[PDB]
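Chains as they are written, first to last, in the deposited numbering: chain C, 596 to 676, 689 to 694; chain X, 348 to 595; chain Y, 1 to 52, 52A, 53 to 82, 82A to 82C, 83 to 100, 100A to 100K, 101 to 112; chain V, 14 to 347; chain A, 1 to 9, 11 to 27, 27A to 27C, 28 to 95, 95A, 96 to 106. Where a beta carbon is used, it is the ideal one built from N, C-alpha and C, also for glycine. Structure, as structure tokens:
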Ligand SMILES: *[C@@H]1O[C@H](CO)[C@@H](O[C@@H]2O[C@H](CO)[C@@H](O[C@@H]3O[C@H](CO)[C@@H](O)[C@H](O)[C@@H]3O)[C@H](O)[C@H]2NC(C)=O)[C@H](O)[C@H]1NC(C)=O
Ligand SMILES: *[C@@H]1O[C@H](CO)[C@@H](O[C@@H]2O[C@H](CO)[C@@H](O)[C@H](O)[C@H]2NC(C)=O)[C@H](O)[C@H]1NC(C)=O
Ligand SMILES: *[C@@H]1O[C@H](CO)[C@@H](O[C@@H]2O[C@H](CO)[C@@H](O)[C@H](O)[C@H]2NC(C)=O)[C@H](O)[C@H]1NC(C)=O
Ligand SMILES: *[C@@H]1O[C@H](CO)[C@@H](O)[C@H](O)[C@H]1NC(C)=O
Ligand SMILES: *[C@@H]1O[C@H](CO)[C@@H](O)[C@H](O)[C@H]1NC(C)=O
Ligand SMILES: *[C@@H]1O[C@H](CO)[C@@H](O)[C@H](O)[C@H]1NC(C)=O
Ligand SMILES: *[C@@H]1O[C@H](CO)[C@@H](O)[C@H](O)[C@H]1NC(C)=O
Ligand SMILES: *[C@@H]1O[C@H](CO)[C@@H](O)[C@H](O)[C@H]1NC(C)=O
Ligand SMILES: *[C@@H]1O[C@H](CO)[C@@H](O)[C@H](O)[C@H]1NC(C)=O
Ligand SMILES: *[C@@H]1O[C@H](CO)[C@@H](O)[C@H](O)[C@H]1NC(C)=O
Ligand SMILES: *[C@@H]1O[C@H](CO)[C@@H](O)[C@H](O)[C@H]1NC(C)=O
Ligand SMILES: *[C@@H]1O[C@H](CO)[C@@H](O)[C@H](O)[C@H]1NC(C)=O
């Protein structure tokens, strides 16, 4: 599942892989066969574990905000400040 | 030409009337794939290629999409999505000589099956054994080409059949060759059953300012309807509009 | 690189004709303009025999015309010469010279006025 | 002929980026404002394209190194060369590239382009021998340097040259000569767009489509690739002493198409103006799923285009004996 | 058909400058600037040292130079050594499409 802002606003995206463990993210999508543009989303510093799945590309923020993009399982995404996707 | 080097000839800038052939000879096979023969008269063709060769009668069935055999695997492979026709006729009076005619050849052995419409003219010694052939024929080393050897007293399957297969492409390009349907006067801005360049349909014609590249003959709008077409006689680009607007 | 090979010496008799060859290697004669030379001891060189790159011809000085002719075989890359009516005056050594057709890159058609590459020559002598 | 023009040593090739280049028209039907998706052999975006300094100058003593090695054709070849001097003037397509099997040869001379399909006994170092013949005062072009002998010729195509006559630079500019070669179902397809480039170093972040040019019915197997260079004699200067065919410099680029799914966009005039590679990035996959370039804010489920089969494996039982079909079919009595 | 004037009696000390002169008619030397000199050792093939008056080919040292102004042409030898004592010629293209030579010059160290 791709979580994105408007294309006019930005081109940055985040990806949720549904109902899989984060350590099994490279195994599930087989990032060895994939392009490096997919492999940078396969494993990175911005990795979060949710009940819905493993979310890569959004930085976890302890501060709670109102939901505008429903990720699921109680986690929500927003494009905030220079500009990044926060979960 | 023989089947291992099948002669391919482009045909262009003409009208293809099948009637002329009627008197000369009758064809044993006229299977057309992708087109119907009864509508073969009323179509323009963008580019036609005739592939001419001679095979045996029992191999006549092998000239077809999705078939295998001697000729289909090692000599001449037709594509799966083949928009063309196959013509075959017996030639015992022509291609058979008393005592045997050995001009025509076929490829009995090959390493792999042929990809569609691929010609192999190689005569290299096929390796049928573990040891290398080293360019010398012997046991487990065979020449790839073998002769037919037609005889006048041979059986029907063994008689020579001349096969020409015509490959078409329709309604995607300007048509250099077309069928023998008499052209009539063009009437615009009215509902009419028009046949323009192989496009048959009932509709209303409209003059519109649409520019076509020279390689683009037929124009399709959004949701794949044919909005525009280039008339062959007059190079104006003509918009196609429905007979009834249907908003009643 | 560009090596010119000669036919060696040919001693003759007065009144006869002398046949000489010049073989190229590493480069073809169709791309090479060739000049001939009549080197003799005690006297400077004189220009008898050349293929003008500018003129698609092979002309010689006024003193030596008709007495000598030029035939060229481009198949074997061998350059030939017929002399005629030599009566005890041919005491000289014949160098085969050549130069570039047109110097510069392929668009350039600029002419070359040179006799750059030489051979070992042929020491003909008439007694 | 067939002399050694290359040295005994070579250098590793340079690698640079294909900044979203190499899209071509996959259909001849005019389409206006249609975001039509099409699956075909396309060059992947942001992929390694192999820079080949065929002739590289370095200082003074190291004059030039010559290298034009044979390459596997693979699925297809994206060829781009940005040399103003018109050094690159042909390609040879084939299998053995020998007289055992036939091969293709496109030679683009100034007067006409000649495409011949014969069994060509190519030289080890193929090139076009430009030279000057004193007889017609003509720098004439010799083809014998390409191949030793041609036999069993099956095709011949003569038409207009397609390199813009090697002119139109107007100073401080370069022309990017792009080409795409595809061999499908017995047909050879060549696509080509030539554009003025300002940066002489690498590919433009700019986008252009490759118009269909020719569709020759070659009918040959094509597993290997090489290009034809134009070289002049090294006896160019008076007193210079080199017989080698040394000339200019060539910096062509070779990229390999791979099967991919793309969403080409056709503009009002019928011109592709943008395209999206489905497997390139998660966002591009979202654009492929929604079939629109503008993606609204939110979460979207996307279908698979990212992964492709790398190879193929077959597993059959351990079987040694051949079947007695010769026993059944060739029986004396049925 | 004519011949160019060369002073056949020249000599000098090593490491000293000698100018070798070639003078000819307007018909031959006068027509063009294409006069080229040589370096023929006795019983050896001649070498080309300068072409088109001054342009010298690759493989010759800086010691050899030449200039032609008006009609008379000159070859200048500097940094003389013991191997340069040889017989030298000047050769000029004429309007009659002929490359006439000179009598030749003998330099002795
Ligand atoms: C088109 O041409 C290519 C190249 O000639 C053909 O592929 C080649 O097929 C042969 C025979 O199967 C291969 O030879 C064998 O390869 C295996 C390893 O793969 C090796 O163990 C054997 O000793 C033998 O060398 C050859 O390698 C292979 N070459 C390539 C580059 O794939 C292909 O069959 C031809 N296709 C058609 C449709 O004609
Ligand atoms: C460029 O190639 C063309 C190919 O057409 C050459 O033209 C042919 O030259 C051959 C051999 O000289 C002739 O026998 C043909 O009659 C010519 N064909 C036609 C119709 O052009 C042309 O000579 C080449 N030009 C160069 C040297 O660049
Ligand atoms: C391809 O070329 C070869 C060699 O020229 C041809 O083989 C010869 O064909 C001629 C003419 O038929 C015969 O006279 C020779 O006896 C043949 N030699 C051999 C050893 O076969 C071959 O037929 C040509 N093939 C095609 C289809 O063009
Ligand atoms: C992008 O959004 C800004 C602010 O909403 C707006 O001013 C601008 O016109 C938009 N651009 C496009 C291309 O929609
Ligand atoms: C994920 O990891 C946990 C341990 O942290 C394990 O209990 C669970 O079974 C794993 N689930 C999967 C999808 O393998
Ligand atoms: C949230 O709190 C945890 C407490 O362990 C801390 O490690 C983490 O860095 C905090 N993250 C942010 C975004 O403040
Ligand atoms: C066909 O002929 C008519 C008149 O005979 C002419 O007006 C028209 O332009 C022609 N069209 C073509 C395609 O030659
Ligand atoms: C030319 O190259 C080939 C292949 O490397 C080699 O076998 C041959 O001996 C070389 N010839 C010369 C002149 O070195
Ligand atoms: C190109 O290949 C190199 C290997 O040297 C690799 O590091 C690089 O990531 C590749 N380029 C891309 C865009 O993947
Ligand atoms: C020179 O050109 C003419 C006319 O094109 C031609 O007939 C003649 O054969 C040419 N000569 C050579 C040597 O190519
Ligand atoms: C297409 O190109 C023409 C010029 O040939 C121009 O007049 C027209 O506005 C363009 N239309 C578009 C935007 O596609
Ligand atoms: C059938 O059997 C006969 C026995 O003489 C043999 O000659 C012939 O080649 C066989 N045909 C095949 C291989 O089916």
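*From residue 522 (chain X) to residue 362 (chain X), what does the alpha carbon distance come to, in whole angstroms?*
What you label residue 522 (chain X) is simply residue 175 of the second chain in a count that begins at 1. What you label residue 362 (chain X) is simply residue 15 of the second chain in a count that begins at 1. When the Cα atoms are used, residue 522 (chain X) and residue 362 (chain X) turn out to be separated by approximately 11 Å.
_Tell me the DSSP secondary structure of residue 48 (chain Y) in three-state form._
Position 48 of the third chain holds residue 48 (chain Y). In the three-state reduction of the DSSP assignment, residue 48 (chain Y) falls in the coil class, being assigned neither a helical nor a strand state.
*asked:* Less than 8 Å between CB atoms is the rule here; does residue 30 (chain Y) satisfy it with respect to chain V?
replied: Here residue 30 (chain Y) refers to the residue found at position 30 when the third chain is read from its first residue. By this cut-off, residue 30 (chain Y) is an interface position.
*Can you find a C-beta in chain X that's less than 8 Å from the C-beta of residue 205 (chain V)?*
On the fourth chain, residue 205 (chain V) is found 192 positions in, with the first residue counted as 1. Not an interface residue.
*How would you list, in chain order, the residues of chain V whose beta-carbon sits under 9 Å from the beta-carbon of residue 40 (chain Y)?*
If you number the third chain from 1, residue 40 (chain Y) lands on position 40. The premise fails here: residue 40 (chain Y) is roughly 26 Å from chain V at the closest Cβ pair, so nothing lies under 9 Å.
*Are the beta-carbon atoms of residue 299 (chain V) and residue 599 (chain C) separated by less than 8 Å?*
Stepping through the fourth chain from its first residue, residue 299 (chain V) is reached at position 286. Stepping through the first chain from its first residue, residue 599 (chain C) is reached at position 4. In this structure, residue 599 (chain C) lies closer than 8 Å to residue 299 (chain V) by Cβ.
*With respect to 7 Å, is the separation between the Cβ of residue 620 (chain C) and the closest non-hydrogen atom of ligand 5 below this value?*
Here the question's residue 620 (chain C) lines up with position 25 in the first chain. For ligand 5, not one heavy atom lies less than 7 Å from the Cβ of residue 620 (chain C).
*asked:* Residues of chain V with CB closer than 8 Å to the CB of residue 46 (chain A), please, in chain order.
replied: As a position in the fifth chain, residue 46 (chain A) is number 48, starting the count at 1. Those within 8 Å of residue 46 (chain A) in chain V are 251, 252.
*asked:* Using CA atoms only, rank isn't needed, just tell me which of X:568, X:530, X:366, X:586 is closest to residue 537 (chain X).
replied: Residue mapping note: residue 537 (chain X) aligns to position 190 of the second chain, counting from 1. Here the closest residue by C-alpha is X:586.
*Which value, in whole angstroms, describes the spacing of the CA atoms of residue 483 (chain X) and residue 472 (chain X)?*
Residue mapping note: residue 483 (chain X) aligns to position 136 of the second chain, counting from 1. Residue mapping note: residue 472 (chain X) aligns to position 125 of the second chain, counting from 1. Taking the straight line joining both Cα atoms gives about 7 Å.
*Identify the contact partners of residue 49 (chain A) in chain V, using a Cβ-Cβ distance below 9 Å as the criterion.*
Sequence index remark: in the fifth chain, residue 49 (chain A) carries index 51 (1-based). Per Cβ cutoff of 9 Å: 251, 252.
*Any heavy atom of ligand 3 closer than 7 Å to the CB of residue 468 (chain X)?*
On the second chain, residue 468 (chain X) is found 121 positions in, with the first residue counted as 1. Yes, ligand 3 has a heavy atom inside 7 Å of this Cβ.
*residue 128 (chain V) and residue 91 (chain V): beta carbons closer than 8 Å?*
Taking the first residue of the fourth chain as position 1, residue 128 (chain V) is located at position 115. Taking the first residue of the fourth chain as position 1, residue 91 (chain V) is located at position 78. No, the pair does not count as a contact, with Cβ atoms beyond the cut-off.
_Residues of chain C with CB closer than 7 Å to the CB of residue 324 (chain V), please, in chain order._
If you number the fourth chain from 1, residue 324 (chain V) lands on position 311. By Cβ distance, chain C contributes nothing, its closest Cβ being about 10 Å from residue 324 (chain V), past 7 Å.
*Near-chain Y residues of the segment 115-143 of chain V (beta-carbon distance less than 9 Å), N- to C-terminal order*: Within the segment 115-143 of chain V, the residues whose Cβ lies closer than 9 Å to some Cβ of chain Y are 143, listed in chain order.
*Express the C-alpha separation of residue 579 (chain X) and residue 571 (chain X) in angstroms, rounding to a whole number.*
Taking the first residue of the second chain as position 1, residue 571 (chain X) is located at position 224. Taking the first residue of the second chain as position 1, residue 579 (chain X) is located at position 232. When the Cα atoms are used, residue 571 (chain X) and residue 579 (chain X) turn out to be separated by approximately 22 Å.
_Positions along the segment 45-71 of chain V whose CB lies within less than 7 Å of some CB in chain X_ = Using a CB distance below 7 Å, the part of the segment 45-71 of chain V facing chain X consists of 45, 46, 47, ordered along the chain.
*asked:* Would residue 27 (chain Y) pass as an interface residue toward chain V - the criterion being a Cβ-Cβ separation below 8 Å?
replied: In the third chain, counting from the first residue as 1, residue 27 (chain Y) sits at position 27. Closer than 8 Å: yes.
*Hey, does residue 216 (chain V) have any beta-carbon neighbour from chain C nearer than 8 Å?*
Within the fourth chain, residue 216 (chain V) is the residue found at index 203, counting from 1. Cβ-Cβ to chain C under 8 Å: no for residue 216 (chain V).
*Buried or exposed for residue 449 (chain X), please, with buried defined as at least 16 other CB atoms from any protein chain shown within 10 angstroms of its CB.*
As a first step, residue 449 (chain X) is located in the second chain; it is residue number 102 there, counting from the start. Flag for residue 449 (chain X) reads exposed.
*Whole-number beta carbon distance between residue 19 (chain Y) and residue 5 (chain Y), since they are thought to touch under 8 Å*: If you number the third chain from 1, residue 5 (chain Y) lands on position 5. If you number the third chain from 1, residue 19 (chain Y) lands on position 19. Contact flag wrong, Cβ pair sits at about 15 Å.
*Start-to-end residues for the beta strand (DSSP E) that takes in residue 435 (chain X)*: Here residue 435 (chain X) corresponds to residue number 88 of the second chain, with the count starting at 1. Unbroken beta strand (DSSP E) run through residue 435 (chain X): 431-437.
_Straight-line gap, residue 256 (chain V) to residue 96 (chain A) (C-alpha atoms, nearest Å)_ = Numbered from its first residue, the fourth chain carries residue 256 (chain V) at position 243. Numbered from its first residue, the fifth chain carries residue 96 (chain A) at position 99. Cα-Cα distance, rounded: 26 Å.
_Counting only Cβ pairs nearer than 8 Å, list the residues of chain V close to residue 89 (chain A)._
Numbered from 1 along the fifth chain, position 91 holds the residue referred to as residue 89 (chain A). The contacting residues do not exist; residue 89 (chain A) stays about 13 Å from chain V at best.
*Near ligand 2: residue 127 (chain V) beta-carbon under 7 Å from a heavy atom*: Numbered from 1 along the fourth chain, position 114 holds the residue referred to as residue 127 (chain V). Within the cutoff, so yes.
*Starting from residue 237 (chain V), follow the beta strand (DSSP E) in both directions and report where the run begins and ends.*
Here residue 237 (chain V) refers to the residue found at position 224 of the fourth chain. Note, residue 237 (chain V): beta strand (DSSP E), 237-244.
_Euclidean distance between Cα positions of residue 261 (chain V) and residue 602 (chain C)_ = For the purposes of this step, residue 261 (chain V) is identified with residue 248 of the fourth chain, where counting begins at 1. For the purposes of this step, residue 602 (chain C) is identified with residue 7 of the first chain, where counting begins at 1. If you take the alpha carbons of residue 261 (chain V) and residue 602 (chain C), they lie about 46 Å apart.
*For ligand 11, list every residue whose C-beta falls under 6 Å from any of its heavy atoms, going in chain order.*
Qualifying residues come out as V:280, V:281, V:282.
_Cβ distance (whole Å) where residue 98 (chain A) is taken to contact residue 82C (chain Y) below 8 Å_ = Numbered from its first residue, the fifth chain carries residue 98 (chain A) at position 101. Numbered from its first residue, the third chain carries residue 82C (chain Y) at position 86. Their Cβ separation, rounded to whole angstroms, is 22 Å, which puts residue 98 (chain A) and residue 82C (chain Y) out of contact at 8 Å.
_Three-way DSSP call (helix, strand, coil) for residue 56 (chain V) in this model_ = As a working note, residue 56 (chain V) is residue 43 in the fourth chain. The three-state secondary structure of residue 56 (chain V), taken from DSSP, is coil.
*If you run the structure through DSSP and keep just helix, strand and coil, what is residue 408 (chain X)?*
As a working note, residue 408 (chain X) is residue 61 in the second chain. Here residue 408 (chain X) sits in helix by DSSP.
*Could you pull out every residue in the same chain whose Cβ sits closer than 6 Å to the Cβ of residue 27B (chain A), ignoring the five residues on either side in sequence?*
On the fifth chain, residue 27B (chain A) is found 28 positions in, with the first residue counted as 1. Same-chain partners within the cutoff: 90, 92, 97.
*Helix, strand or coil for residue 96 (chain Y) per DSSP?*
As a working mapping, residue 96 (chain Y) is identified with position 100 in the third chain. The answer is strand: DSSP assigns residue 96 (chain Y) an E or B state.
*For residue 403 (chain X), which residues from the same chain have a beta carbon less than 8 Å from its beta carbon, with the 5 sequence-adjacent residues on both sides left out?*
Numbered from 1 along the second chain, position 56 holds the residue referred to as residue 403 (chain X). Cβ neighbours of residue 403 (chain X) beyond the five flanking positions: 495, 504, 505, 506, 507, 508.
*Which whole-angstrom value is the C-beta distance of residue 74 (chain A) and residue 5 (chain A), which I expect to be below 8 Å?*
Reading the fifth chain from its first residue, position 76 is the one you call residue 74 (chain A). Reading the fifth chain from its first residue, position 5 is the one you call residue 5 (chain A). So it is not a contact: roughly 18 Å between Cβ atoms.
*Neighbour flag for residue 35 (chain V) against chain C, beta carbons, 8 Å*: To locate residue 35 (chain V), count along the fourth chain from 1; it is residue 22. With 8 Å as the cut-off, residue 35 (chain V) does not count as an interface residue toward chain C.
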